[PDB]
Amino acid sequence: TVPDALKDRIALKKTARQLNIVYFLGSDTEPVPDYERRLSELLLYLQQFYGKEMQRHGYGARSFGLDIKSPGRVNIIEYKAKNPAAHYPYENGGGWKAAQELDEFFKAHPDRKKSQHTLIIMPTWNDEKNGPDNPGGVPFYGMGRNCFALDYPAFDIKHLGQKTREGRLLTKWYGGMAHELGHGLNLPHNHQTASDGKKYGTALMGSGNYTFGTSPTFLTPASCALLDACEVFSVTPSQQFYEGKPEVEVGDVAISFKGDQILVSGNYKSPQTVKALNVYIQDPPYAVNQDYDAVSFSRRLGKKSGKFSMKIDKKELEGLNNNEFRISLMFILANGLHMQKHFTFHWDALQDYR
């Protein structure tokens, strides 16, 4: 009743909002057997991973909230869809179609919606391409505050880390869920620093979807700074999330290069508290799926206005190898919105900025 992988687990702080879990069934789709237990175990272990990382970074035992209906059992919404499975495929807006239908379901049942974040899980298609040994066919990506992942018969934590086809399949699809959930929880891609890579392994939002459960995987300071400002990690019920627009004035920005060091400083002013500054340094190209390489840093601010100061060591920029690089400054607000400013440089023609 308790898998071995959950025997080591921490008590977590109650949160003001919880991640919704929807098991999304096409009108012609049968659940994968034993999904309530299998997915509860996997989700509770995922919750442990995120909560232990938040604690290790100084935020206390805070994870994404889950609605628990009995010991070891998540309150999963089993949703029977209006249309057959073929109507909500990975491609061509299948995920948006599912999400719109769930918007209708939550409008008609607002008691069952516990936050603005939802993880939708669909069973694998079973055809000539996909099946229990090669899951796929369904949405599998982040979509705003929503994210999509899948289920299949061996999607069971008992295989975690095992040197078997089931174990390798699990790290692929469980690591995948962990990473897509990160996107759903407002996380962009980022890469571990050189020092963190040596101590803690592979960043989950970098290539950690390939390592989760098999080799050491972790969450960066910058990811934890965003989770600190994510609705389902809130221990402050007075705080409302994601309303309005990010309003930050950023002035007197200086970026200077002195030996091996990158100096970043400036001032900020917001009507909201500014929780933190994340700094991302990456090689081109810069699209939202060409940024697995962005090495990230974070600094706590915690005021509505003030100055920021940061020295970044170039030797921590593990993996970067382009003459051209971009520094992004991301200001994270208390309501979970953020704004960014970008600056591009060239190592062979380094120009201090303002």
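We number the residues from 1 along the sequence you see.
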request  = Quick one: say whether 185 to 193 or 250 to 258 has the higher mean Cα B-factor in the deposited entry.
outcome  = 250 to 258
task = Between 48 to 56 and 299 to 307, point out the one with the higher average CA B-factor as the PDB entry records it.
result = 299 to 307
key: From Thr220, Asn278, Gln239, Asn75, residue of greatest CA B-factor   = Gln239
request  = Using the entry's values, work out which of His179, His117, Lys158, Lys163 has the largest Cα B factor.
outcome  = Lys163
task = Could you look up the Cα B-factor of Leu43 in the entry and say which third of the chain it sits in: lowest, middle or highest?
result = lowest
message = Sorting by Cα B-factor within the chain, modelled residues only, which third would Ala294 end up in: lowest, middle or highest?
response = lowest
ask   = Which third, lowest, middle or highest, does the CA B-factor of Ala287 fall in along this chain?
value = highest
query = Looking at the C-alpha B-factor of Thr344, is it in the lowest, middle or highest third of its chain?
reply = lowest
query = Lowest, middle or highest third of the chain for the C-alpha temperature factor of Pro271?
reply = highest
